[PDB]
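Comments concern the structure below.
A note on names: the letters A, B, ... follow the listed sequences, proteins ahead of strands, and every chain is numbered from 1.
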Amino acid sequence: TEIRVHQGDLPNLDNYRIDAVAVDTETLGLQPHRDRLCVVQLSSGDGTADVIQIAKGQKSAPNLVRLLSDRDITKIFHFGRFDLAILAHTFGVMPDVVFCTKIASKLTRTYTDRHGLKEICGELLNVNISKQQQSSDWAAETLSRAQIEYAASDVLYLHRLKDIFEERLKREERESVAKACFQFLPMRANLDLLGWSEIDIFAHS
Amino acid sequence: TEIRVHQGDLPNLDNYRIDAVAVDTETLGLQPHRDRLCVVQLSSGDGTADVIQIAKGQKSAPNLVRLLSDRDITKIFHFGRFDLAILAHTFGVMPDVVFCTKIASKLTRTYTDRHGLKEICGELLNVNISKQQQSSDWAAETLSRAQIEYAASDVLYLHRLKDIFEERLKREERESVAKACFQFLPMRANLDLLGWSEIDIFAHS
Amino acid sequence: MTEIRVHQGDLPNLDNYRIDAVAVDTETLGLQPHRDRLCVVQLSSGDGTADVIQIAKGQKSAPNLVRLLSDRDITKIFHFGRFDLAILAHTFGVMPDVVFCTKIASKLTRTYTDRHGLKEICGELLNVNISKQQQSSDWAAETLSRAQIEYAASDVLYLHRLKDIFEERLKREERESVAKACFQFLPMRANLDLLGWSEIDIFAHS
Amino acid sequence: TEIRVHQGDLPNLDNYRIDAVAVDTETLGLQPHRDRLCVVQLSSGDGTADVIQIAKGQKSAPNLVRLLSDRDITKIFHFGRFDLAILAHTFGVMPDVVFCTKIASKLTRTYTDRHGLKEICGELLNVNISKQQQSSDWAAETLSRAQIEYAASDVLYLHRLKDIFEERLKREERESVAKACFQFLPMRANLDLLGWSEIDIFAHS
Amino acid sequence: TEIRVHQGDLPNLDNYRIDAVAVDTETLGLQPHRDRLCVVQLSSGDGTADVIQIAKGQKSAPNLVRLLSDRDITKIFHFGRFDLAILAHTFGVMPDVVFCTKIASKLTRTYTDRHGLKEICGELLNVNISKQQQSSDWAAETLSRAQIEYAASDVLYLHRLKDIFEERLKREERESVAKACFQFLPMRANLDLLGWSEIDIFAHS
Amino acid sequence: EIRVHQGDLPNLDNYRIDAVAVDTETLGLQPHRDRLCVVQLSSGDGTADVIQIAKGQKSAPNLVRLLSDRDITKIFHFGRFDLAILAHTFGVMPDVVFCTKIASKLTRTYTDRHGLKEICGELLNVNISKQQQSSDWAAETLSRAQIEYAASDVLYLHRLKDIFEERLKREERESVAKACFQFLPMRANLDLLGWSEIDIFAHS
Amino acid sequence: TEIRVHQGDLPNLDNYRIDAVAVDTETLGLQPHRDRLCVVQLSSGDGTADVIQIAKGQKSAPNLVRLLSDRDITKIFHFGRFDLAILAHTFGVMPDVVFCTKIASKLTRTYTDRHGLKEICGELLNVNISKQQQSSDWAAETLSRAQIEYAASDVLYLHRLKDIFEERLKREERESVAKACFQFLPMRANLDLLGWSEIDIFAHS
Amino acid sequence: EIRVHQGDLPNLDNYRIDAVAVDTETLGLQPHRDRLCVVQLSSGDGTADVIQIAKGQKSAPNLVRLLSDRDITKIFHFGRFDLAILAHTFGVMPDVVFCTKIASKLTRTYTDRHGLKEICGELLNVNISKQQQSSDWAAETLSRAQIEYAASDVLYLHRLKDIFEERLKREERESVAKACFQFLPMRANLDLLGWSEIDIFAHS
């Protein structure tokens, strides 16, 4: 399993001249104003991954941000609500062409109440995600092999999941529903950063 | 306050050659698949209102529906999530240019946790909304005077509220946030009709 | 102005109850029929008058009242009859089987509110004010107070008028067969309570 | 264990000239207005099962529906409240002669709080139900071997359970209680379809 | 209404040569190890009361404690579980002949869920208890008239309440039940002092 | 060794003792609905008696003689329940009792787990298997697993009582425990009378 | 009584050559990162108050901030945990000599569970605080008289409350406890700003 | 190596150090009811001292000298409890402390599990077994499992403190932690005084 580990940014975009990129992040926690971005993971879907260690106080990552800014490239996330918030807060660019496998699961896997990435990968791909390293020191100068493998596992399968969810959205005629949810998702992430992270803005109460 | 009561539909659109229309509904309850649309209320903001009784099984209301589908006219609601759902369910047209005073309140009245229409009208306009008729038999062949006046009260003030909320959204620099929420609101209502009425589609769980 | 006839033990006869439907309510020492004895049974023919029958501790028989409860040609009208049916059947050994319940009817028709209590229904449908102050009182007292007697009668004086309106709503929304099935099961729901399932929704998944 | 897989409907009722038939369904989820009927399973109690794939948009299944409508044949379900709702919603016929093993368990297995089919089969029959396929894509064009065997397992044992529950209902003198519950169950299912799925219609609040 | 205010102790027992004495206390709070005894109130049932201010650090009150120790005198409380604990903690003597109107209410007023002294006095005696001074500085050197009248109101009616509750206990044949509860009540208070104040010692969990 | 009986003990030859371990099995937790099915007894000598109670059975004279004997302490685990169903079935409420669950709550202050399985594991290194706790106790013939489970609930209560008595003495809570045990039969009666969901001593 | 309204800052410190100053704030809400400081209120305890309107984006208030950083002047708050957070976030200076009447109430008024400023003023001073304006638009260019009088009422009585609470802390011998709580309070407010506002940092879980 | 003592350390020869790891065992969570049974200490050299405290014991001069020494930082995991029982038993409240649970809540923001077992697993790959946490700590003779568990609670606190200090420096929270540690003894006193169920800083 080829995983390329980088410091600060991708060295170039030679592996990402593609129409969709799988994206994930690791941080010191769930609160972007307190918990810094530590790792950004990328995959083109070819079974390899890039793991980028982000330094404390790092303000720019030009190659990564070019991908995030590129309207011709769909950014694939699992629960992108979080990744979009921490990426936009750290580097100042909010992606606006996105696909989220958790929203897609909630719109299609109506026969289960389990929408986590581990459960999705098990059902749709018979792929086992191990979450032991999800809670680890992601700010460590040197990531362990277990950490690097876990981080890559979050992007290695998102293209395959998106293809299956797209089939399900088409079958149940929910494509326009999903598109509108993905269109609002960057603003849902912005609402979190602005102070509404605990509020369903559409609820009656 | 002039309240014009109609059966089925507006007679014409002479009072609605305007850029924004205040809209509200009354039904037999909170569940559009079970609880039929009984009343639609409209106001141009000039201190008068139209109260339209909708018959059981009524499939058409051409003048009202023309307004709902006119993209040059903003439809103003309080908690439009509901009105949009029952209107789209009954007549087959989902409005797509909307303003919601409840979402606007949640984005601006951060100094309170009370975002109901009565509380908003009291604070912003010193207008007293009486809610006694909210729970009444809206399917009655003849609406009582109290029902008619209550139904009109829900649209008579939405233009004035929208003007104040727009001032607040500009002051706190949240205009683009509100716009994105309003753009998604018709799809939030569609999600309710499709079976996700109890699900925050953007939540982690 | 309201005529309320107070009796000891039983109605003297059924002269006022040669009718197709009778309004029925009870008062007890509490919500648990195995612990809390039946103290009062209230009846109305719908003519604006009521009968209030004091039931003695240990009383086993009330032949005229029980004749009405057993008469399949007379519909017994209750508000939340789930309770009244349980205590009546537990006390006298006869479970009525032709019933109408205004609380079930409200839950099937007043879909625009979440308040289905008798006070709220009477206020909305009839502009009649029910005062609940005596609901929690010593219903086993040898002599009922005037306030207790008036409160007990108020629970049956309006049920015919409520039933008429609810029947209009059930017809309008085409739910008559739904209500009939609920009313047919209601005596068994009360029996389930007496048998030990009072805290269990027998139809729930969990 | 012989499992006969059919498309759309049984070819005939030659295997169902019996007094009681075990019935189960599979769907895309718990909400009949959103989640379509995908599979209907039947067993005569002879250790074999019929698994019928229902097509999207399928409106009729005359042989199956003849069985469901036959008042001389008791339909045995586990938690029939759900199966009755989706069957009636899909084909327009509500069975009215039924036995439910979950209601029967709640009236007899008073020494436990676990009334699921898996737990009942384990205790009463020493039969192991595996539920891994309960949450799976039941709308798949080709059901997997695991899906087919799971679907059959839900009907293969209901006759044997009903026999035991009938013994328990007789021993504890609750036969007329159970009969009244089964008599109301089709209307409980109708109440769900009509909009009362979240309401205990007999509760004080 | 005659209320005699004392410092430290009764001057003598001339008013308490009786079979039953009504007793209440006031403290700085609900936790006897932290919140000192400030007032002890007594009534013979003759419509007068004694209000005894207890000093900080006071170790003895011989006349009061003589009454509390006298096995021929029933001590009447409302929710004596508390008064018994603070009295025993302060003066080292636990009364063992007691009557509690709250336990009596819970065993007889089965037609209500409100067992507070105010509600009991309203129903049984048409007496209005005002609770405004219940939360006040009971350690003040000089109690206000409102405090003194409130403190007296808690003992002025307990004899009359006990008489009525004894009638109800006889009527419903619960006298032996009540007696066993009263016999255990001093140990329930002791359990509170020893560290089980938050534990129902008889509960399964 | 487990002796299985129908209806009652044949005699009291094994129970001329100062304390007897007692347990029951029923069709459920509600004595007015769920009949007494089994009564289990042990003298503490490592053997047990398992008595099947018939539907509608009104008397069990030898068992009831034990329950009535004030010279014999009845040892239970969570006797609040056993006292209720026994008194409801046979009309005699024992009044000299020891409860290992109350004793645990008064002594095992270093844990929040007071079930019999947990107590036996900690104090005796005895493994209680609870699989048969939820089973058809009204069956005409009890299974071997049922009979062994029923006996296991009484085989160890004497040994537990001895340890809890040491702990009650050590922490000086003997009089507290005695008052709780004295009230326990009335706690069971309160349950039968309709207060099963009410802590009668609580403020609310 | 006399309420002096200022724009931006006090004109001078002529009224604040004192040992202790009462301080309160008003904002657009409870979240300092989202909800800006709008008003700062001060009183010397002489029955007069200064109400200072703070502009959006205002970075400096030199006279007010001199008071906040003067170690010889105790800053008196009610629930200073909030005021300290918004003041330190806005002007960059965290006071470190403070007294909080809510903490003081929780350490002394053990006979009640109501520790809000309204309840405290009612009991200790027979002063009626009206809370109607607490939820109002504090960012308004012109505050209403009701707003100004409410804002002043929050500081007019804190000196008198501090005196009484100091008496209670001495009487119950809790002076050193209160001092340690006050010493930690600025760090509790800092912890809120840093991202732990929903965490009791001393709790087991 | 685990040295077991009765009452007190024999001397302070092993504790001429800058920081000492401290833990306790009791009969439960309520210091006014549940007596101190064991005090455990380690210098960080991989050995531990386990001191059995007698019922009614009022003094432990060598232990208390360590607790009083301002030049020696006392390291705890969830010191809020240990500080309360130590101060209540011997009358001395330590005022120079480090708590690994507070440190975890200030640094391990990527998890919601802050127990000692979870910390040791993540930071050290050390497996803490909690089976003996709920045991009779007042036993005259502690079992080997009890002694080893008691020692395991102090054997690793030095290594944990070192790592947490690195994290506190890295995220610039050193002054935050210091203020929390400064208040921690008074948080413990508040528990003893009657506020154990109250967050004194909460709005409600």
Answer yes or no: are there more than 12 heavy-atom neighbours, outside [X] itself, under 6.0 Å from its atom [atom1]?
X	atom1	answer
A/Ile3	CD1	yes
A/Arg114	CZ	no
H/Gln182	CD	no
H/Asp18	CG	no

So, the side chain of H/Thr109 versus the backbone of A/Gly29: is there a donor-acceptor pair under 3.5 Å, distance only? no
For a quick test of reading the model, state the closest non-hydrogen atom pair linking H/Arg170 to A/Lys56 and the distance between them. O-CE, 3.3 Å
With side chains defined as the heavy atoms from C-beta onward, is the minimum distance between H/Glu171 and A/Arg34 less than 4.5 Å? no
Toward chain A: residues of residues 124-161 of chain H with heavy atoms under 4.5 Å: none
Proximal component of H/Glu172, with respect to chain A [non-hydrogen, under 4.5 Å]: side chain
Value rounded to 0.5 Å, distance of CG in A/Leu28 from OG1 in H/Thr111: 12.5 Å
